[PDB]
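This report refers to the structure that appears directly beneath it.
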Amino acid sequence: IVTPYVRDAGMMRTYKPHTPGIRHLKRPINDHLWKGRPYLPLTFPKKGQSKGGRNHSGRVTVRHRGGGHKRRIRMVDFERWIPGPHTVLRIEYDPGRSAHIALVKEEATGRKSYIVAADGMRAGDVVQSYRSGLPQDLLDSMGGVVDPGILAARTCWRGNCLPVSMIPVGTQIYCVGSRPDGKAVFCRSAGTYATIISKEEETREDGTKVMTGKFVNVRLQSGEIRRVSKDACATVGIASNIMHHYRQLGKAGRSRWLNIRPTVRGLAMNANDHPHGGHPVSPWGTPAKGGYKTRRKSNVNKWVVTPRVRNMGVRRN
Amino acid sequence: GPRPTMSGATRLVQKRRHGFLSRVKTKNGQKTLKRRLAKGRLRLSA
Amino acid sequence: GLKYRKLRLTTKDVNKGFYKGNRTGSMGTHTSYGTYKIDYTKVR
RNA sequence: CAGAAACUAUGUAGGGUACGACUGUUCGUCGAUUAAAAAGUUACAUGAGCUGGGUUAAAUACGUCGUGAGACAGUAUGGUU
RNA sequence: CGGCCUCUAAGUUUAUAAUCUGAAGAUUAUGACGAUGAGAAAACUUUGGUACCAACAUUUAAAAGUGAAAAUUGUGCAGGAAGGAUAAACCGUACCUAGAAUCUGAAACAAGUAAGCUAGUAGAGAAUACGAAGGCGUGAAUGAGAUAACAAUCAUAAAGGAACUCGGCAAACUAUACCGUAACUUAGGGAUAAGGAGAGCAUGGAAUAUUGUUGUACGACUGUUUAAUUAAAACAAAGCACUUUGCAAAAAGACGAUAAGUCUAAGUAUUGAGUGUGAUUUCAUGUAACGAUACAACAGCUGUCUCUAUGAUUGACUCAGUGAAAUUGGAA
RNA sequence: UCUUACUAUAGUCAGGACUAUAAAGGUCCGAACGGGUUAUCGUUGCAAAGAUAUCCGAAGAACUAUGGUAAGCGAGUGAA
Ligand SMILES: [K+]
Ligand SMILES: [K+]
Ligand SMILES: [K+]
Ligand SMILES: [K+]
Ligand SMILES: [K+]
Ligand SMILES: [Mg+2]
Ligand SMILES: [Mg+2]
Ligand SMILES: [Mg+2]
Ligand SMILES: [Mg+2]
Ligand SMILES: [Mg+2]
Ligand SMILES: [Mg+2]
Ligand SMILES: [Mg+2]
Ligand SMILES: [Mg+2]
Ligand SMILES: [Mg+2]
Ligand SMILES: [Mg+2]
Ligand SMILES: [Mg+2]
Ligand SMILES: [Mg+2]
Ligand SMILES: [Mg+2]
Ligand SMILES: [Mg+2]
Ligand SMILES: [Mg+2]
Ligand SMILES: [Mg+2]
Ligand SMILES: [Mg+2]
Ligand SMILES: [Mg+2]
Ligand SMILES: [Mg+2]
Ligand SMILES: [Mg+2]
Ligand SMILES: [Mg+2]
Ligand SMILES: [Mg+2]
Ligand SMILES: [Mg+2]
Ligand SMILES: [Mg+2]
Ligand SMILES: [Mg+2]
Ligand SMILES: [Mg+2]
Ligand SMILES: [Mg+2]
Ligand SMILES: [Mg+2]
Ligand SMILES: [Mg+2]
Ligand SMILES: [Mg+2]
Ligand SMILES: [Mg+2]
Ligand SMILES: [Mg+2]
Ligand SMILES: [Mg+2]
Ligand SMILES: [Mg+2]
Ligand SMILES: [Mg+2]
Ligand SMILES: [Mg+2]
Ligand SMILES: [Mg+2]
Ligand SMILES: [Mg+2]
Ligand SMILES: [Mg+2]
Ligand SMILES: [Mg+2]
Ligand SMILES: [Mg+2]
């Protein structure tokens with residue numbers, strides 16, 4: 001009996017600690033990922049000095065960036081206006097996204113596009129976006145424009161993109177949008193999801209609800225319950241790479257492949273270029289601890305129902 | 001002390017930095033030309 | 001490099017794509033694959 | 001002052017007064033030999049003769065003092081003679 | 001057989017349009033321009049794994065081997081350009097490649113500089129040794145003598161073996177497909193542990209080839225750092241912790257005589273930024289591993305020393321040639 | 001045209017050993033290459049940073065080439 005080189009426990013992969021730089025390397029297990037190259041006409045190269053943290057002036061505006069692996073951007077559809085059934089061809093890995101993407105194919109025309117894959121989605125699954133309205137067959141089967149019960153059963157499936165209004169309360173969505181005709185902005189990262197708290201509805205006394213407001217309340221991944229539009233899009237599911245945050249890089253060289261450069265502490269500097277060298281503050285004088293809020297005061301959140309719960313520096317565990 | 005800062009120097013970088021077209025075509029390079037021209041310089045650039 | 005660097009650059013000094021003619025006149029046009037088509041209306 | 005050894009003092013500087021351990025150093029301390037293992041002056045006698053144990057730095061950590069920049073006859077490692 | 005020429009990347013733009021702006025100018029889009037890249041044929045010629053041409057590995061011009069080229073297949077994650085297409089003009093061609101007259105270092109400088117090839121023997125090898133061709137053994141910018149002291153670079157050494165010294169500084173020792181291998185341990189290691197061994201004085205030169213072992217302090221580790229006196233205990237580091245960021249037109253942060261605007265990001269709370277800590281274990285501290293770090297012990301080793309001697313070369317010295325410098329109030 | 005960071009396009013790393021792989025490792029010994037640990041010499045030097053030996057890394061956070069961007073009221077770049 002000999003232990004294998006690859007040691008699989010949980011959903012995280014570990015290796016034999018035959019080097020000090022591979023002992024603490026932990027990877028999530030995703031074997032279903034497409035082992036080939038992405039759909040080229042849906043990608044473009046990410047190069048230039050912006051990869052090095054430089055803006056149009058040429059000066060460093062984002063620190064600790066540059067020197068990473070060559071990459072390409074994946075054009076991912078966060079609007080999903082086109083209707084009809086789409087067949088998932090393969091779940092792929094995107095360097096620039098924590099979550100996984102799915103190369104869907106429109107059965108009507110055959111055009112392919114990328115979408116943030118849900119947790120559990122595999123090839124062959126048929127997804128559909130009801131953001132552009134309901135088709136005639138589905139609309140005709142019920143016999144009414146909106147029935148709060150039958151509609152959810154036929155359309156509230158994992159990977160389906162619907163307006164938040166059509167989704168029942170308590171459903172987990174992962175591509176929550178903000179504007180009535182805007183792309184998904186919230187909960188797009190791996191493992192993130194949002195529950196639907198309530199809807200501005202009224203009772204007809206027949207047991208059928210009907211929309212009366214213009215918004216809906218949803219709890220975001222940060223715990224903030226905020227007012228979202230009624231026509232805001234939302235995909236039913238959770239982002240594919242749930243265990244992303246359980247990974248470990250193991251060595252300093254893997255952070256350099258991810259386009260991350262060394263972070264020099266303020267204490268390790270001289271007093272000429274940091275307040276600390278020679279209360280916690282950034283190199284430019286922004287308090288780094290003490291609860292100071294960097295949101296602009298004159299910018300009030302008119303969509304906040306229940307704000308985030310501040311931890312106030314207390315330790316969690 | 002002085003360093004060998006011109007070892008491996010190419011004459012293509014000499015024309016792109018201190019050439020005549022690098023100066024007539026810029027607001028700050030037209031001053032250098034006129035100054036060297038008003039002084040009597042034969043070698044206005046490169 | 002002290003002094004020769006300051007002389008006027010010629011084609012017999014550098015090779016990295018530096019071209020300079022002798023005012024021999026244009027006798028044709030350049031093709032897209034690097035050849036030359038002699039226009040005998042310009043030939044004298 | 002019986003002898004021997006030792007004590008005190010008077011002449012006398014010819015030649016000697018070594019070796020090692022531990023102590024940053026001379027201060028010193030000890031080991032075992034030895035007739036004995038005494039001192040001082042000479043710009044520390046002597047670095048245009050050597051060393052760098054020193055004579056001064058910039059690095060780093062710790063300690064103490066100061067609101068702070070810093071300071072210290074502090075401590076440790078390193079540092080073109 | 002390169003350039004010119006066509007195409008474009010990073011980028012540039014006193015090009016045009018719009019927009020912002022005390023002037024200068026700046027921003028965005030388009031155009032133009034821009035190789036270090038891509039460009040039909042020729043021993044005669046004119047869609048996206050049904051993929052792609054990053055790294056690595058494998059296979060393939062059929063007598064065998066080797067090295068390319070291109071392609072085939074596959075592996076790992078760190079997920080790997082753009083665009084165009086597809087009857088012979090003009091310019092380069094000499095010499096020099098740094099140990100012998102040419103590049104950069106103020107110069108005829110013991111330094112530095114890109115690519116291909118670079119006999120053979122012997123090897124695992126581009127190691128080490130010899131050297132076929134070739135070049136060289138400097139432009140008197142030197143040559144011939146002599147072989148003191150002393151210096152530099154070396155060789156050997158009786159007995160002793162660190163007694164030297166701030167300190168083992170320097171030098172010396174250290175030596176094949178074998179049987180057997182401990183505490184400890186993050187279970188990978190420790191480990192090539194250790195311990196047993198491979199005709200004449202010698203199966204013989206060179207290189208491989210270096211003090212070894214053990215235990216402490218500090219830092220987990222590989223790395224980075226004051227170009228040219230400090231390479232480390234310092235910086236970074238993976239991991240961990242905290243604060244902040246909901247993106248509805250500006251997410252926060254950074255930048256903008258100052259804005260439009262740009263990076264963040266074609267990202268979205270498992271995102272981004274900032275801050276401290278510095279793997280793991282126990283919650284500052286204890287181990288495995290690692291160190292041109294600092295220190296101690298033990299064994300060996302030796303000219304470090306008792307205590308120096310001798311030998312070698314190059315200077316020093318003499319003759320011929322060439323010919324400096326700091327310095328100097330005046331000097332019996 | 002030095003140098004620091006980034007950027008685009010390219011190149012380079014004999015041989016052997018171990019490890020789960022034919023290829024998965026900031027693995028091991030060691031040339032090229034890159035460093036500059038210790039000592040000696042040199043100090044009007046061969047050299048305004050060199051010579052000799054010794055030592056370190058050598059598939060990577062590696063090294064190298066040709067261009068590009070960012071510097072001087074503010075501070076560019078900075079594993080500091
Ligand atoms: K950061
Ligand atoms: K840090
Ligand atoms: K300091
Ligand atoms: K202006
Ligand atoms: K090595
Ligand atoms: Mg960090
Ligand atoms: Mg400092
Ligand atoms: Mg300088
Ligand atoms: Mg250069
Ligand atoms: Mg020439
Ligand atoms: Mg030339
Ligand atoms: Mg050209
Ligand atoms: Mg008596
Ligand atoms: Mg006498
Ligand atoms: Mg004395
Ligand atoms: Mg004297
Ligand atoms: Mg200091
Ligand atoms: Mg302190
Ligand atoms: Mg040292
Ligand atoms: Mg030609
Ligand atoms: Mg062009
Ligand atoms: Mg070219
Ligand atoms: Mg030379
Ligand atoms: Mg040479
Ligand atoms: Mg020269
Ligand atoms: Mg020659
Ligand atoms: Mg001769
Ligand atoms: Mg002897
Ligand atoms: Mg003997
Ligand atoms: Mg002694
Ligand atoms: Mg002693
Ligand atoms: Mg030694
Ligand atoms: Mg360390
Ligand atoms: Mg230094
Ligand atoms: Mg040094
Ligand atoms: Mg910890
Ligand atoms: Mg903003
Ligand atoms: Mg710390
Ligand atoms: Mg610590
Ligand atoms: Mg190291
Ligand atoms: Mg003479
Ligand atoms: Mg440069
Ligand atoms: Mg290695
Ligand atoms: Mg090593
Ligand atoms: Mg260095
Ligand atoms: Mg001297």
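If you're wondering about the labels, chains in the structure tokens are A, B, ... by order shown, residues count from 1 in each chain, ligands from 1 in order shown.
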- prompt: Hey, what's within 7 Å of residue 79 of chain F if we count only C-alpha atoms (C1' of nucleotides) and toss same-chain stuff fewer than 6 positions away? As a PyMOL selection string, please?
  reply: (chain A and resi 262) or (chain E and resi 224+235-236)
Go ahead and save the picked residues with N, CA, C and O atoms (P, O5', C5', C4', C3', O3' and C1' of nucleotides), as a PDB file, in the first residue's frame.
```pdb
ATOM      1  N   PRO A 262       5.253  42.049  -5.093  1.00  0.00           N
ATOM      2  CA  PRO A 262       5.422  42.155  -3.637  1.00  0.00           C
ATOM      3  C   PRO A 262       4.824  43.430  -3.059  1.00  0.00           C
ATOM      4  O   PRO A 262       4.917  44.509  -3.647  1.00  0.00           O
TER       5      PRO A 262
ATOM      6  P     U E 224      17.766  36.723  -6.066  1.00  0.00           P
ATOM      7  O5'   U E 224      17.179  38.044  -5.402  1.00  0.00           O
ATOM      8  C5'   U E 224      16.123  38.765  -6.019  1.00  0.00           C
ATOM      9  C4'   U E 224      15.725  39.960  -5.193  1.00  0.00           C
ATOM     10  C3'   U E 224      16.864  40.869  -4.763  1.00  0.00           C
ATOM     11  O3'   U E 224      17.244  41.787  -5.773  1.00  0.00           O
ATOM     12  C1'   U E 224      15.488  40.396  -2.902  1.00  0.00           C
ATOM     13  P     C E 235      12.382  43.538   7.633  1.00  0.00           P
ATOM     14  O5'   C E 235      12.080  43.645   6.075  1.00  0.00           O
ATOM     15  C5'   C E 235      11.992  44.908   5.434  1.00  0.00           C
ATOM     16  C4'   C E 235      12.068  44.769   3.936  1.00  0.00           C
ATOM     17  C3'   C E 235      11.065  43.814   3.307  1.00  0.00           C
ATOM     18  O3'   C E 235       9.794  44.407   3.100  1.00  0.00           O
ATOM     19  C1'   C E 235      13.221  43.351   2.466  1.00  0.00           C
ATOM     20  P     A E 236       8.457  43.617   3.507  1.00  0.00           P
ATOM     21  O5'   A E 236       8.268  42.554   2.338  1.00  0.00           O
ATOM     22  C5'   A E 236       8.186  42.965   0.982  1.00  0.00           C
ATOM     23  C4'   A E 236       8.504  41.832   0.042  1.00  0.00           C
ATOM     24  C3'   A E 236       7.639  40.589   0.182  1.00  0.00           C
ATOM     25  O3'   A E 236       6.415  40.696  -0.524  1.00  0.00           O
ATOM     26  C1'   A E 236       9.919  39.963   0.120  1.00  0.00           C
TER      27        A E 236
END
```
message: Which residues are near ligand 1 in this structure, taking near to mean any atom at most 10 Å from a ligand atom and counting only C-alpha atoms (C1' of nucleotides) and all ligand atoms? Format them as an MDAnalysis selection string.
response: (chainID A and resid 62:65 260:264) or (chainID E and resid 272:274)
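For ligand 44, the set of protein, DNA and RNA residues within 10 Å, based on only C-alpha atoms (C1' of nucleotides) and all ligand atoms, reads residues 222, 290 and 291 of chain E; 27, 28, 29, 56 and 57 of chain F.
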Could you turn the residues from that selection into a file that holds N, CA and C atoms (P, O5', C5', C4', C3', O3' and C1' of nucleotides), as a PDB file, in the first residue's frame?
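Result file is out_8.pdb:
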```pdb
ATOM      1  P     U E 222      16.105  28.905   1.848  1.00  0.00           P
ATOM      2  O5'   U E 222      15.548  28.895   0.357  1.00  0.00           O
ATOM      3  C5'   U E 222      15.823  27.808  -0.513  1.00  0.00           C
ATOM      4  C4'   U E 222      15.404  28.114  -1.928  1.00  0.00           C
ATOM      5  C3'   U E 222      15.891  29.436  -2.497  1.00  0.00           C
ATOM      6  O3'   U E 222      17.227  29.393  -2.963  1.00  0.00           O
ATOM      7  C1'   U E 222      13.590  29.213  -2.930  1.00  0.00           C
ATOM      8  P     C E 290      18.188  19.650   5.193  1.00  0.00           P
ATOM      9  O5'   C E 290      18.130  21.180   4.756  1.00  0.00           O
ATOM     10  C5'   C E 290      17.798  21.540   3.424  1.00  0.00           C
ATOM     11  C4'   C E 290      17.607  23.028   3.273  1.00  0.00           C
ATOM     12  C3'   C E 290      18.785  23.906   3.666  1.00  0.00           C
ATOM     13  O3'   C E 290      19.795  23.973   2.676  1.00  0.00           O
ATOM     14  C1'   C E 290      16.814  24.783   4.610  1.00  0.00           C
ATOM     15  P     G E 291      21.313  24.283   3.103  1.00  0.00           P
ATOM     16  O5'   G E 291      21.290  25.818   3.521  1.00  0.00           O
ATOM     17  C5'   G E 291      20.948  26.826   2.577  1.00  0.00           C
ATOM     18  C4'   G E 291      21.325  28.201   3.067  1.00  0.00           C
ATOM     19  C3'   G E 291      22.794  28.374   3.440  1.00  0.00           C
ATOM     20  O3'   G E 291      23.221  29.697   3.125  1.00  0.00           O
ATOM     21  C1'   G E 291      21.448  28.802   5.332  1.00  0.00           C
TER      22        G E 291
ATOM     23  P     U F  27      14.035  25.399  -5.678  1.00  0.00           P
ATOM     24  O5'   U F  27      13.206  24.097  -5.289  1.00  0.00           O
ATOM     25  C5'   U F  27      13.024  23.039  -6.219  1.00  0.00           C
ATOM     26  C4'   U F  27      13.478  21.717  -5.654  1.00  0.00           C
ATOM     27  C3'   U F  27      14.962  21.410  -5.785  1.00  0.00           C
ATOM     28  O3'   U F  27      15.754  22.030  -4.789  1.00  0.00           O
ATOM     29  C1'   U F  27      13.714  19.535  -6.481  1.00  0.00           C
ATOM     30  P     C F  28      17.235  22.535  -5.143  1.00  0.00           P
ATOM     31  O5'   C F  28      18.078  21.190  -5.255  1.00  0.00           O
ATOM     32  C5'   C F  28      18.247  20.332  -4.137  1.00  0.00           C
ATOM     33  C4'   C F  28      19.058  19.114  -4.498  1.00  0.00           C
ATOM     34  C3'   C F  28      20.401  19.380  -5.162  1.00  0.00           C
ATOM     35  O3'   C F  28      21.424  19.711  -4.240  1.00  0.00           O
ATOM     36  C1'   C F  28      19.242  17.732  -6.384  1.00  0.00           C
ATOM     37  P     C F  29      22.521  20.825  -4.611  1.00  0.00           P
ATOM     38  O5'   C F  29      23.549  20.053  -5.550  1.00  0.00           O
ATOM     39  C5'   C F  29      24.397  19.045  -5.022  1.00  0.00           C
ATOM     40  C4'   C F  29      25.207  18.372  -6.101  1.00  0.00           C
ATOM     41  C3'   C F  29      26.019  19.283  -7.005  1.00  0.00           C
ATOM     42  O3'   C F  29      27.232  19.717  -6.417  1.00  0.00           O
ATOM     43  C1'   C F  29      24.873  17.694  -8.319  1.00  0.00           C
ATOM     44  P     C F  56      29.122  26.652  -2.650  1.00  0.00           P
ATOM     45  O5'   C F  56      28.007  27.714  -3.053  1.00  0.00           O
ATOM     46  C5'   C F  56      27.205  28.341  -2.063  1.00  0.00           C
ATOM     47  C4'   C F  56      26.288  29.377  -2.663  1.00  0.00           C
ATOM     48  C3'   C F  56      25.364  28.897  -3.770  1.00  0.00           C
ATOM     49  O3'   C F  56      24.214  28.223  -3.288  1.00  0.00           O
ATOM     50  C1'   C F  56      26.390  30.916  -4.428  1.00  0.00           C
ATOM     51  P     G F  57      23.603  26.983  -4.106  1.00  0.00           P
ATOM     52  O5'   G F  57      22.757  27.666  -5.268  1.00  0.00           O
ATOM     53  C5'   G F  57      21.587  28.413  -4.973  1.00  0.00           C
ATOM     54  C4'   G F  57      21.075  29.154  -6.183  1.00  0.00           C
ATOM     55  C3'   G F  57      20.752  28.310  -7.406  1.00  0.00           C
ATOM     56  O3'   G F  57      19.498  27.656  -7.326  1.00  0.00           O
ATOM     57  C1'   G F  57      22.008  30.192  -8.066  1.00  0.00           C
TER      58        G F  57
END
```
task: For ligand 37, list the contacting residues at 8 Å or closer, counting only C-alpha atoms (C1' of nucleotides) and all ligand atoms, as a VMD selection string.
output: chain E and resid 250 to 253
Shell of 12 Å around ligand 14 (only C-alpha atoms (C1' of nucleotides) and all ligand atoms), written as a PDB file with N, CA, C and O atoms (P, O5', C5', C4', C3', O3' and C1' of nucleotides), in the first residue's frame:
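As written to disk, pocket09.pdb reads:
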```pdb
ATOM      1  P     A D  13      75.937  49.308  37.872  1.00  0.00           P
ATOM      2  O5'   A D  13      75.531  48.218  36.786  1.00  0.00           O
ATOM      3  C5'   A D  13      74.618  47.177  37.111  1.00  0.00           C
ATOM      4  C4'   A D  13      73.793  46.754  35.921  1.00  0.00           C
ATOM      5  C3'   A D  13      73.574  47.829  34.857  1.00  0.00           C
ATOM      6  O3'   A D  13      73.491  47.221  33.568  1.00  0.00           O
ATOM      7  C1'   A D  13      71.491  47.159  35.729  1.00  0.00           C
ATOM      8  P     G D  14      74.698  47.356  32.516  1.00  0.00           P
ATOM      9  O5'   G D  14      75.443  45.953  32.600  1.00  0.00           O
ATOM     10  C5'   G D  14      76.558  45.675  31.770  1.00  0.00           C
ATOM     11  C4'   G D  14      76.789  44.192  31.627  1.00  0.00           C
ATOM     12  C3'   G D  14      75.620  43.380  31.094  1.00  0.00           C
ATOM     13  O3'   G D  14      75.494  43.452  29.685  1.00  0.00           O
ATOM     14  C1'   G D  14      76.532  42.298  32.982  1.00  0.00           C
ATOM     15  P     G D  15      74.042  43.561  29.006  1.00  0.00           P
ATOM     16  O5'   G D  15      73.490  42.071  29.054  1.00  0.00           O
ATOM     17  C5'   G D  15      74.278  40.993  28.578  1.00  0.00           C
ATOM     18  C4'   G D  15      73.776  39.669  29.091  1.00  0.00           C
ATOM     19  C3'   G D  15      72.279  39.440  28.985  1.00  0.00           C
ATOM     20  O3'   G D  15      71.869  39.055  27.685  1.00  0.00           O
ATOM     21  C1'   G D  15      73.016  38.815  31.138  1.00  0.00           C
TER      22        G D  15
END
```
field: Shell of 10 Å around segment 26-34 of chain C, only C-alpha atoms (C1' of nucleotides), local chain residues under 3 positions omitted, as a PyMOL selection string
entry: (chain C and resi 23+37-44) or (chain E and resi 4-7+39-40+84-86+89-90)
Selection above as a file: C-alpha atoms (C1' of nucleotides), as a PDB file, in the first residue's frame:
```pdb
ATOM      1  CA  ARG C  23      17.933  60.468 -56.346  1.00  0.00           C
ATOM      2  CA  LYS C  37       7.080  46.698 -61.448  1.00  0.00           C
ATOM      3  CA  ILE C  38       8.947  48.978 -63.851  1.00  0.00           C
ATOM      4  CA  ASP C  39       6.640  51.590 -65.383  1.00  0.00           C
ATOM      5  CA  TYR C  40       8.317  52.253 -68.731  1.00  0.00           C
ATOM      6  CA  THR C  41       6.468  55.571 -68.985  1.00  0.00           C
ATOM      7  CA  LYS C  42       8.802  56.871 -66.260  1.00  0.00           C
ATOM      8  CA  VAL C  43      11.948  55.244 -67.667  1.00  0.00           C
ATOM      9  CA  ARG C  44      14.000  57.791 -69.603  1.00  0.00           C
TER      10      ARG C  44
ATOM     11  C1'   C E   4      13.233  48.949 -49.601  1.00  0.00           C
ATOM     12  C1'   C E   5       7.875  47.213 -50.166  1.00  0.00           C
ATOM     13  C1'   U E   6       2.824  44.877 -47.761  1.00  0.00           C
ATOM     14  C1'   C E   7       0.749  43.834 -42.607  1.00  0.00           C
ATOM     15  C1'   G E  39       4.725  38.119 -45.697  1.00  0.00           C
ATOM     16  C1'   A E  40       2.899  33.724 -52.584  1.00  0.00           C
ATOM     17  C1'   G E  84      -2.483  41.751 -43.898  1.00  0.00           C
ATOM     18  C1'   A E  85      -3.275  38.131 -46.792  1.00  0.00           C
ATOM     19  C1'   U E  86      -1.354  33.983 -50.323  1.00  0.00           C
ATOM     20  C1'   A E  89      14.679  49.881 -60.401  1.00  0.00           C
ATOM     21  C1'   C E  90      16.918  51.764 -55.777  1.00  0.00           C
TER      22        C E  90
END
```
